[PDB]
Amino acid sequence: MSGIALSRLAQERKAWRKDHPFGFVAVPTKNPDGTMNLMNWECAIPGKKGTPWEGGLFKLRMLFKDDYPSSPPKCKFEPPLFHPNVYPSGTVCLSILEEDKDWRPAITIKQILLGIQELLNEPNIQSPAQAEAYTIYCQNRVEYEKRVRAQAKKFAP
């Protein structure tokens, strides 16, 4: 009973393929039979130029529920990343990714990926998703940035 989600996702794929920000990747995975699995997308977000994340290409999976777009997709970095707003599981937090917050039908995959890209160098320190990155960010900013740069180089294409 995911027909409505599939109808929208097929259009979002076409829209993305038609035009999307350079360096970003967002493509549906495949089912065993070769057909597209529009409910599970493999994506990649490039670090923003001029920031400690530059040069890095961060992979994440976008998982859509059967009731999409009533619900937002679940976005998980694979592997999990060192960042105050990314859970150890890899799940990334954003107001537009929360049904009880700013998620709405008007939100696009482009907006989500751009939103996550922005979050990378501009974390929401008030609402951390992991104790590690939050602690370092607050106690030693220089050390935090050093760890971010190392991670960016580690995931450089």
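We number the residues from 1 along the sequence you see.
Averaged over CA atoms, B-factors in the entry run higher in 47 to 55 than in the other of 103 to 111 and 47 to 55. The mean C-alpha temperature factor is higher for 93 to 101 when 93 to 101 and 125 to 133 are set side by side. In the PDB entry, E12 places in the lowest third of its chain by CA B-factor.
In the PDB entry, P28 places in the lowest third of its chain by CA B-factor.
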